[PDB]
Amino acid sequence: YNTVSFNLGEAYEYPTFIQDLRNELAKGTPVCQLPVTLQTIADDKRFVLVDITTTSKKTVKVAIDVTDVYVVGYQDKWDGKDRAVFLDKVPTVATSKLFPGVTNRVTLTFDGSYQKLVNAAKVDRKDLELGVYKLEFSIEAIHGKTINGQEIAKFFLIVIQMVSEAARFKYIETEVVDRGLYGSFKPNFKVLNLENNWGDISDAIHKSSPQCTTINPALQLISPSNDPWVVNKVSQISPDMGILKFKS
């Protein structure tokens, strides 16, 4: 599997990092001049690894399913040896082929859906601060430490939004660049709305192809200020898209 890296002490490299990740995910046929993921792929090319290193020199290798950009787990350290930590309900190929040879393998009691993650973290997305420093703090809280479901759920919530969602949405990538590289921020109404509708937005754009203009039925989205944002044209939403989900 290929690896893309990001050092939290070099926040300015974030835009390049996200673009390199999109390059690894863009394996499908483009639609309306936008990258698209593949629904199925050989097990040997099923995942991309994201190496995140803190200023404290600790690294966590996060595994992402290239078909849907889902984080399935990560590898950190425990007692000087590697440790594989997996979310519940991930593909069998994930637990069978990722981090080969690592015997300390943990299967968490919760899956990667936002509902299960927030329930375990005990904090909702709207109240959890994102940013390079916050991400490093969450890594420091779990790296080389006994398995604590609550702390690990917080790490997943932060990394999933700063990496996976940013790859999917240029809008989210820009929020992190403007507010989370040299500061901290809580995701606004639009960030959260896009996260909840990646699949639907992608299917809508696919349905509009090949004329790539009209989107009908319209997408009922939300603006940064929590106001209704009705999208019936590709040009209205294409600027916020990084990569679309597979289909048609």
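Don't overthink the numbering: it's just position in the shown sequence, from 1.
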| property | result |
| --- | --- |
| Between 201-209 and 43-51 (mean CA B-factor, as deposited), the higher | 43-51 |
| Stretch with the higher entry mean CA B-factor, where the candidates are 90-98 and 166-174 | 90-98 |
| Residue selected from 134, 154, 145, 105 by maximal Cα B factor | 145 |
| Highest recorded Cα temperature factor - choice among 57, 186, 190, 61 | 57 |
| Assigned third (lowest, middle, highest) for the C-alpha B factor of residue 21 | lowest |
| Assigned third (lowest, middle, highest) for the C-alpha B factor of residue 8 | middle |
| Residue 161 - which third its CA temperature factor falls in, relative to the rest of the chain | lowest |
| Ranked C-alpha temperature factor of residue 114 among modelled chain residues, by third | lowest |
| Cα B factor band for residue 222 (lowest, middle or highest third within the chain) | highest |
